[PDB]
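Student: please find the sequence and an experimentally derived structure below.
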Amino acid sequence: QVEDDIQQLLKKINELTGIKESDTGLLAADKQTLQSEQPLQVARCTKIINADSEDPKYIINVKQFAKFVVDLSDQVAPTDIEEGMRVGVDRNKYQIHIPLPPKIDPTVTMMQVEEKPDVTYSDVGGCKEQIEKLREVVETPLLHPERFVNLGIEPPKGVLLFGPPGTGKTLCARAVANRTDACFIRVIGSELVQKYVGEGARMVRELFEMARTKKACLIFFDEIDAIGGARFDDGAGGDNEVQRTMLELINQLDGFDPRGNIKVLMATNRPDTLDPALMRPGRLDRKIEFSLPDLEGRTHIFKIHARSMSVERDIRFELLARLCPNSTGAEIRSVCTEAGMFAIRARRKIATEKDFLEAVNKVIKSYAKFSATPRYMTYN
Amino acid sequence: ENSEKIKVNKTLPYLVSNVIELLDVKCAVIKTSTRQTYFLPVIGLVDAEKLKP
Amino acid sequence: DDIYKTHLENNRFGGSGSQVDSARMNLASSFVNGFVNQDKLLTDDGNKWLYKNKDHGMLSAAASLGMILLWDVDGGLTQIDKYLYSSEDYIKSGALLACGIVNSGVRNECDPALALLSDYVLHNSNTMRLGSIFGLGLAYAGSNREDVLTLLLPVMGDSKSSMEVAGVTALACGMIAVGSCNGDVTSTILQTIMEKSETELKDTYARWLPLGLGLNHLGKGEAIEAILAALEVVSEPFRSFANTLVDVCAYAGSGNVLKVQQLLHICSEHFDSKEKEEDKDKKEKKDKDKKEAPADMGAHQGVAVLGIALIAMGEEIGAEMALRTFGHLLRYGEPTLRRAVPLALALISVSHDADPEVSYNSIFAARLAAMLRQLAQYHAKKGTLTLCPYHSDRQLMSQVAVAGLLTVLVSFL
Ligand SMILES: Nc1ncnc2c1ncn2[C@@H]1O[C@H](COP(=O)(O)OP(=O)(O)OP(O)(O)=S)[C@@H](O)[C@H]1O
């Protein structure tokens, strides 16, 4: 009341007090500058075919209009007007002014990440060797090109990941994407499936355009089974456009002037229908895999999901881990959350051991008819 | 003569085109890059040997 | 325990300490490297880096070994002792400045500097007077220390053409005098009023003397000293700017909106520097009810006013509305205001953090702007002690001689 009425009086006193400046002072924040931008130029952009000899004498296809032979203006450099270069050309006299970056196909612009999702390395504990190897590949050359040069090696420019579903692949990728420091570029595997023939090829072209422009970047591939796994050939002509997309992914990855400062991470759920051209190292070098957390892994993942929740700390966690022999971290998360939900049945602020036992026999033994991994452990 | 060919050739935008055929009643037929077919009775500053459709 | 629980790497020494060269940006980088504090490594990184350095930056680098180590009392003497009494005036004067930086309870560094101070016009020990009167202002806050102020009587009576003599006189005796018993109008600051109005020259004097005046006015609860200095002082807008400085400092903040509508009217004054400090009082006044602190100062046009709001965000934790104001304040073209944005921008945050920094790399890529960017990088990585030195910073549009004292806004642990 007193805070409310006094804050209303003070804030509206400042408001109605500046109202004197509002009704007394009589956009223009740029108006004179914008009218000095009226002697500027419309500057239509184009595409260059070739140059001529002894003179500039440049040749240009605009985009649709025609093709013209032009000359350069005086405020240009006679060097960086090379072929296949989107340059801004005068509308009246048809003269080249500024070279620019090329066409990027803007539906490919929206897969750079532009943010950082907050996932810390602490969330994948119990997978120490995998974290170690993937750290060794991804983090270390971008932050320390010291051991890799003074000993004279090349780090493995590609790492694939696999395992059963829900094992931490996506989560490890996001953990890298927190501490990446590079131009991390997401690619869903279904992004390369378009209506028209050979269009996903051009998407891969533009991906590696962006990759070669910006040095020291990361590209993440995700569920590469849609991108293409096998070249089953019959008298039907079936899955073929996907196959050409996969081949164009092969060649512009690694071979005949290799890739540069780019690292590719792939992640699949079923690494078994893959053409062994991808299985050739030099493209996909380290086969890092995620098995199930055996015994102590689930203790540690209980420590992960349990460290910031309202429980009774007098209980143990090892007995909880001993009842989950073939289980993923997702099922662990469901156990923790569902034990909380059983605590919401009553009105308590701390869990009990019986709540977690209800959670175990609620998740595992009940929904074990679905359970997602009796037919992916065999990697069908 | 150089004054006139300065007044023509200093027009630096050259619309490029394609010679469609070559009449002789020494007469060349042009389709420009805007796809407009043009006739001309007078060829200009190129030789009929160097031309082909 | 700072060394123990934290583990800070080396690629910002090398990378952020690699940001090129030019004896300014490089000089600033020394400062940036220096305020790194995982050991006092950038302190003991060899030689030939301070030999590239020049006079007031040599003050900044001689004090920078003070800045790396605001502890290690026994180590302070044995690290600064090489740079004590050296061949260079700026090495020795910035060295005693560093001795004033590192601690506040030693008081045995006084006498090697204290003894030398007198020069009677403009010799060496007046620059040791700048670092040592200032660093001794860093050193002690007594009931009223009077012996150091009896030393300060031949300082203002000395009155070197170097600004920061009277600068650290007013600021240092103010650091002695902040928290006075409802202030005082005593013969110390009364003497610097009369000896201030003695010489009307180099208006930075007419700005930084009302600094220490208003610092002695701090400690007020009910002080009529604005009326007393209003009777003694006011004149042509140098001393009416002194009037607005006492008007700023005497009015820390309460429910007292009558001076906020006074702020509304005299905010429209045609002299546009009493606008600067008088509107700059806002972050002192309404610092607790900070939801009203967003104002339309950016919607105004007296570009120093956009500077004032740019101050008024400052350094606390800095919510999304503040960084949203740094959306527009980040993009401006004048080099003192584009210089003015990364300082409080990276004070208010002590990718995310480095995202506006690389955005400033997108802004420029002048030399000032590069320096501003370096300052922002340094920032990236009612207690009166944090209230004084940025109002000491508020005359930044000036020489690097002024920026030789820029590293005396010691407000962080
Ligand atoms: N080893 C683990 N430790 C801790 N949490 C885990 C672990 N594995 C999975 N989780 C949690 O369960 C979620 C599911 O893992 P994800 O990697 O997202 O699954 P996935 O990679 O999408 O598997 P798919 O379906 O084959 S793509 C993670 O985001 C974590 O929240």
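Tutor: Noted; the coordinates are in hand. Numbers count the residues shown, from 1 in each chain, chains lettered A, B, ... in the order given.
Student: just confirm residue C:335 contacts residue C:370, I think it does.
Tutor: No: if you go by Cβ atoms under 8 Å, residue C:335 and residue C:370 don't touch, sitting 10.0 Å apart. Backbone N, C-alpha and C define where each C-beta goes, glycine included.
Student: show me where chain B has its helices.
Tutor: Secondary structure of chain B (DSSP state H): helices at B:2-9.
Student: ok, whatever residue of it ends up closest to chain C - how many residues close by?
Tutor: The nearest approach of chain B to chain C comes at residue B:12, 35.1 Å away (Cβ to the nearest Cβ). Look at residue B:12: counted by other Cβ atoms under 10 Å in any protein chain shown, it has 14 neighbours.
Student: can you name every helix or strand that the strand or helix carrying residue C:79 contacts?
Tutor: Using DSSP states H and E, residue C:79 sits in helix C:73-80. Secondary-structure packing of helix C:73-80 (3 or more Cβ pairs under 8 Å, 6 or more residues apart in numbering or on different chains; DSSP states H and E): helix C:64-67, helix C:89-102.
Student: now that helix, how far from the centre of its chain.
Tutor: Offset of helix C:73-80 from its chain centre (Cα atoms, centre = their mean, to the nearest Å): 25 Å.
Student: what's next to it, contact-wise?
Tutor: Contacts with helix C:73-80, where a contact means Cβ atoms under 8 Å, 6 or more residues apart in numbering or on different chains, come from C:40, C:43-44, C:65-66, C:69, C:72, C:95, C:98-99, C:102-103, C:106, C:109.
Student: please redo it, this time with the cut-off set to 6 Å
Tutor: C:65, C:95, C:98, C:99, C:102, C:103 (Cβ atoms under 6 Å, 6 or more residues apart in numbering or on different chains).
Student: tell me which two in those are the farthest apart.
Tutor: For those, the maximum inter-member distance is 14.1 Å, found between C:95 and C:103 (Cβ to Cβ).
Student: number of residues surrounding the closest residue to chain B within chain C?
Tutor: Nearest residue of chain C to chain B, counting by Cβ to the nearest Cβ: residue C:365, 35.1 Å away. By other Cβ under 10 Å, 8 other residues sit near residue C:365.
Student: next: residue C:168.
Tutor: Neighbour count for residue C:168, taken as other Cβ under 10 Å: 30.
Student: excluding chain neighbours, what is closest to it?
Tutor: Nearest non-adjacent residue to residue C:168, counting by Cβ to Cβ, 6 or more residues apart in numbering or on different chains: residue C:134, 3.8 Å away.
Student: please report phi then psi for that neighbour.
Tutor: phi -70, psi -50 (degrees, to the nearest 10).
Student: doesn't residue C:173 make contact with it?
Tutor: No: using Cβ atoms under 6 Å as the test, residue C:134 is too far from residue C:173 to be in contact (10.5 Å).
Student: follow-up on the earlier one: same drill for residue C:335 and residue C:370, tell me which one is more crowded.
Tutor: More crowded of residue C:335 and residue C:370, by other Cβ under 10 Å: residue C:370, with 20 against 16.
Student: next up, the contacts around that one.
Tutor: Residue C:370 touches residue C:25, counting by Cβ under 6 Å, 6+ apart.
Student: hmm, back to that, overlap of the contact sets of residue C:335 and residue C:370?
Tutor: Counting by Cβ under 6 Å, 6+ apart, nothing touches both residue C:335 and residue C:370.
Student: what about the residue of the stretch 151-300 of chain A found nearest chain C, how many residues nearby?
Tutor: Sorted by distance to chain C under Cβ to the nearest Cβ, the residues of the stretch 151-300 of chain A start with residue A:181, at 8.2 Å. Residue A:181 has 14 neighbours, counted by other Cβ under 10 Å.
Student: which strand or helix spans the nearest residue to it once chain neighbours are set aside?
Tutor: In space, not counting the residues next to it along the chain, residue A:181 is nearest to residue A:142; the distance is 6.4 Å by Cβ to Cβ, 6+ apart. In this assignment (DSSP H and E), residue A:142 forms part of helix A:128-143.
Student: okay, that helix in PDB with CA atoms only?
Tutor: Only the C-alpha atoms of helix A:128-143 are listed here, as PDB (Å, rounded to 0.1, in the frame of the first residue of the first chain):
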ATOM      1  CA  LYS A 128      35.200 -40.300 -18.700                       C
ATOM      2  CA  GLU A 129      37.100 -42.000 -21.500                       C
ATOM      3  CA  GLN A 130      34.600 -40.800 -24.100                       C
ATOM      4  CA  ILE A 131      34.700 -37.200 -22.800                       C
ATOM      5  CA  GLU A 132      38.500 -37.500 -22.800                       C
ATOM      6  CA  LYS A 133      38.700 -38.700 -26.500                       C
ATOM      7  CA  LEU A 134      36.100 -36.200 -27.800                       C
ATOM      8  CA  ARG A 135      37.900 -33.400 -25.800                       C
ATOM      9  CA  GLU A 136      41.200 -34.500 -27.400                       C
ATOM     10  CA  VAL A 137      39.700 -34.100 -30.900                       C
ATOM     11  CA  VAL A 138      37.400 -31.100 -30.600                       C
ATOM     12  CA  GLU A 139      38.700 -28.800 -28.000                       C
ATOM     13  CA  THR A 140      42.500 -29.100 -28.000                       C
ATOM     14  CA  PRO A 141      43.600 -28.000 -31.500                       C
ATOM     15  CA  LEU A 142      41.400 -24.900 -31.500                       C
ATOM     16  CA  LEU A 143      42.800 -23.800 -28.100                       C
END
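Student: name the helices or strands packed onto it?
Tutor: In terms of contacts (3 or more Cβ pairs under 6 Å, 6 or more residues apart in numbering or on different chains; DSSP states H and E), helix A:128-143 is packed against strand A:286-289.
Student: circling back: including mean neighbour count, could the helices and strands packed on helix C:73-80 go into JSON lines?
Tutor: Below are the helices and strands packed on helix C:73-80 laid out as JSON lines (neighbours: other Cβ atoms under 10 Å in any protein chain shown):
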{"stretch": "helix C:64-67", "mean neighbour count": "26"}
{"stretch": "helix C:89-102", "mean neighbour count": "28"}
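Student: please list the residues of chain B that sit near chain A.
Tutor: B:12, B:13, B:14, B:15, B:16, B:33, B:34 (Cβ under 6 Å from any Cβ of the partner chain).
Student: can you count the residues close to the residue nearest to residue A:181?
Tutor: 16.
Student: format the contacts of helix C:73-80 as a markdown table; extra columns: distance to chain A.
Tutor: Output for the contacts of helix C:73-80, formatted as a markdown table (distance: Cβ to the nearest Cβ, whole Å):
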| residue | distance to chain A |
| --- | --- |
| C:65 | 29 |
| C:95 | 36 |
| C:98 | 33 |
| C:99 | 38 |
| C:102 | 33 |
| C:103 | 37 |
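Student: hmm, back to that, residue A:262 versus the residue nearest to residue A:181, what's the distance?
Tutor: For residue A:142, the distance to residue A:262 (Cβ to Cβ, to the nearest Å) stands at 11 Å.
Student: residue A:187 too?
Tutor: 12 Å.
Student: residue C:396 too?
Tutor: 43 Å.
Student: which one's more surrounded, these two?
Tutor: Neighbour tally, residue C:396 and residue A:262, criterion other Cβ under 10 Å: the higher count belongs to residue A:262, 23 against 17.
Student: the more buried one and residue A:211 touch, don't they?
Tutor: Yes: Residue A:262 is within contact range of residue A:211, at 4.7 Å (criterion: Cβ under 6 Å).
Student: what do the two both touch?
Tutor: Between them, residue A:262 and residue A:211 share no contacting residue, judged by Cβ under 6 Å, 6+ apart.
Student: rewinding a little: turn the helices and strands packed on helix C:73-80 into a markdown table, including distance to chain B.
Tutor: Below are the helices and strands packed on helix C:73-80 laid out as a markdown table (distance: least, Cβ to the nearest Cβ, whole Å):
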| stretch | distance to chain B |
| --- | --- |
| helix C:64-67 | 60 |
| helix C:89-102 | 62 |
